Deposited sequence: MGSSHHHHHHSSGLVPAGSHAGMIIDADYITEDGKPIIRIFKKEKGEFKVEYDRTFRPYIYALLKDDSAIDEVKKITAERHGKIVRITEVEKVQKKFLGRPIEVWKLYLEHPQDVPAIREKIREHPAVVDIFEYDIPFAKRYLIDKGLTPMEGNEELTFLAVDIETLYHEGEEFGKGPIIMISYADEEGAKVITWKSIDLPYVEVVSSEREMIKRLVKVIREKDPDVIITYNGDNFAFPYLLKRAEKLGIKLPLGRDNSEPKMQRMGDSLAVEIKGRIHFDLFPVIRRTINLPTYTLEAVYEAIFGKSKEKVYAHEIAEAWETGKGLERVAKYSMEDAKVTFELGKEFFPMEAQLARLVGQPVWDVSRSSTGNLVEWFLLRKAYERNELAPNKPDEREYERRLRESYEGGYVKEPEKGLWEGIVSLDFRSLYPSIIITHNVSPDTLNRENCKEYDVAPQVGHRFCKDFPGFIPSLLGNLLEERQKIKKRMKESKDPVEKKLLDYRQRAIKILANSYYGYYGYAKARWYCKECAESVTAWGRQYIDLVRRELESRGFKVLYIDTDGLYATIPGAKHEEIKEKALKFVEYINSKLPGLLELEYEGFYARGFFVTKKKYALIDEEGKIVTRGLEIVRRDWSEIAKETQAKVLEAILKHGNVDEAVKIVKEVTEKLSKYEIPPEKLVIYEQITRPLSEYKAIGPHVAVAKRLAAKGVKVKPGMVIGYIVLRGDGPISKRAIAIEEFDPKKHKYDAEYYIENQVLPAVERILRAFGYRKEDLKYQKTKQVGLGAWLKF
């Protein structure tokens, strides 16, 4: 029909699957049901006669036997060649994992294909359905919670003490203690506060629920407390509860009929930050400071009843900026969903590698191209161990007035012009081919490759959008078209990386190597042209470079660099484009994707160096921050080396507060399941021995004490530490904490680990 598709899933009714398509039609929520779409896989057989044995293969599920309902001989393409496979139909999606191994094991079966595509994704592809089409306006609600937390408690032990939400009508706080603020609704209990959140969500009926780390905190915490309090959370538009899906080592939460938009994985991909706290994220995007009120300050205010107005304001600002950030980041995710043809829920939680793959699976269907399979563990491992031939060590020391150049828009044009594809690689009986420089891989020119063909269409579509943008008087159309052309740029600039992605179906080591080798000819041209203009290249990798004019005035460097980019792009043919990325007052480079810079507004920017994580001591993270600050803010490496030397001496003379030595590590499974007992497990087992209910999710704080052997046998629980009796291991905090934190940084200045002590 007419509506915008926002999501799709399936339900089972009388044992049979039913697809649900969630739509928004002129402001109204609509669900379309489809009972007719059938699950399937493909099987390549050694001979057609074999189908008679194969169609009779069975399996078991839900106490019932699983059978192949129908078989169909089909003509498709595999690796740019016609092939005949058998389409095997199944009644239920859950029949596919139950029977697939029993088909694959059969001696007459060469291989099986497309056996791990989720039903809802299979449906959108096969039916040619695209989410997020049209000008349909969605509604948004940001949600956040504050809880009572004490160090090392099991997840969900303390109550939720506040629930905040925000939309265009304002930011509000729901709490069960008396706070006199205009945006605070006081209720009688935690139970009544959670039921109030349920009522707000059911009444506001948002299409999109925005959270900041809601997948792994707000919603698992709400579900834990609702379970304890024996109450339901009917937040789904079908009155279903939020659903926790194990997505890797972490969680993802869905709300049926809506889009649960968690900003945390979204922003982590979009921008570069050493730490993605909401306060650091808000400041990077809106250029305004946001105060952080820490867990201990919140617990103290709740328990004493003093300073609750500050905690309520913190809760309110958390929802207010979550709404603001959601409106900022949602349009690009909506266009990416549309482009790749999968819902925002899925697209916002995936890498660019998986965005490419879903775009390719859809295009393979449209072109009757059988998809290759994801690799098994051994293949994936063999791919990670593959060595690529044919990006030097960066210049040492501290440089001033650094311009950053980006090469990424070069590679789609290389893939297309040289027909770089796994289906064109080293083709037999090829009349014409392109030979990659240095590496010598041959790509057949006789037919367009599957991936070059698609990229060519993407680039052409982006140029049409850019042309329609120049000719548009409507600023609403322009804004939308700007997002659409940026979505293409993002997807197209991900193919180069996708070729080398070990999990990729269309993985091609020789394709990735060849793109690099052809790419290098232009990079070498950019580098020679920069050096002829007095520029010194400080750092270069496949994504870009950093350069300066040694000792030149900063405005002269900026002007010359901007003039250079305009010049080289006038020389480069086709859609090959170099981009001026930015300018930095100072910076230094350690190795590949290990560097630190500082811009003219004094903001430090690093890659592959900062260690802001709870399993490193504060003394190591504080010393590291001080070293970066001495180098970038003071331009003084000598001050940085003196900071390390002073810290190490203070550690040796037991002059460092024990609180700066605490290491935190989470328990992730029952204690009896550990194969290797690390210091936090050794500490945990002693706590459980004393009667402490140790559970997965509990974070263990410990200090390493002086003594013989592995650190596991010398770690003490932070609560058991007695400064009068226990002596911390100075050698451990020096050699395993402080020195590894700074040694990579100071190696860029010619210092070895042994020169950072008195």
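In sequence order, the deposited residues that have no C-alpha coordinates form the ranges 1-19, 410-411, 780-793.
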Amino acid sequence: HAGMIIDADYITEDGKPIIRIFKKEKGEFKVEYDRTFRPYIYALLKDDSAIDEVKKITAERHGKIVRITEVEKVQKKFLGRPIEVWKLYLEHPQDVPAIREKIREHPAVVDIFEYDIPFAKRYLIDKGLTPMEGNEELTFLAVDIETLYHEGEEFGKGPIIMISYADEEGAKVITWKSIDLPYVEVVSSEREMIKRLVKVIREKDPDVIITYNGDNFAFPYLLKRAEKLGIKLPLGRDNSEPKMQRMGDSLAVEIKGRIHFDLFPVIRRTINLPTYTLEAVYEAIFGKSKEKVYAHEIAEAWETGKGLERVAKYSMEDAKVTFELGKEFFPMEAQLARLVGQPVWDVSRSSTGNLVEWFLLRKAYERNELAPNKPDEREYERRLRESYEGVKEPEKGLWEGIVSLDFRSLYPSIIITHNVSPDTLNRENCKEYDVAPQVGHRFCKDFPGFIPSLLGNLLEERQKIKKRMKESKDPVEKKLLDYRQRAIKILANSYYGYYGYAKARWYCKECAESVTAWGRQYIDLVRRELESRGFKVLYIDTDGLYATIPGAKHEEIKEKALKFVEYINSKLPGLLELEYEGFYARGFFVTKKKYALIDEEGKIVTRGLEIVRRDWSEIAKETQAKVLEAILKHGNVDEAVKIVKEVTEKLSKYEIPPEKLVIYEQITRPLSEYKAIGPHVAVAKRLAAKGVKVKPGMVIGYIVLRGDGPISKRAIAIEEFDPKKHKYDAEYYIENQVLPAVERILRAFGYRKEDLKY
From here on, numbers count along this sequence of modelled residues.
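Coordinates for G440 are present in every one of the other compared entries of this protein that model residues on both sides of it, well short of the third needed to count it as often missing. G390, present in the displayed chain, goes without coordinates in a third or more of the other PDB entries compared that cover both sides of it. Just going by the entry, 341-349 versus 71-79 on mean CA temperature factor gives the higher value to 71-79.
Between 351-359 and 476-484, it is 476-484 that carries the larger average Cα temperature factor according to the deposited entry. Between the residues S672, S404, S240, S421, the entry's highest C-alpha temperature factor is the one at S672.
For the set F140, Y165, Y115, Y380, the PDB entry assigns the largest Cα B-factor to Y380.
In the PDB entry, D14 places in the highest third of its chain by CA B-factor.
Remark: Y276 belongs to the middle third of its chain, ranked by C-alpha B-factor as recorded. Per the deposited record, the Cα B-factor of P696 falls in the middle third when ranked against the other modelled residues of its chain. Sorting the modelled residues of the chain by their CA temperature factor places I6 in the lowest third. Remark: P679 belongs to the middle third of its chain, ranked by C-alpha B-factor as recorded.
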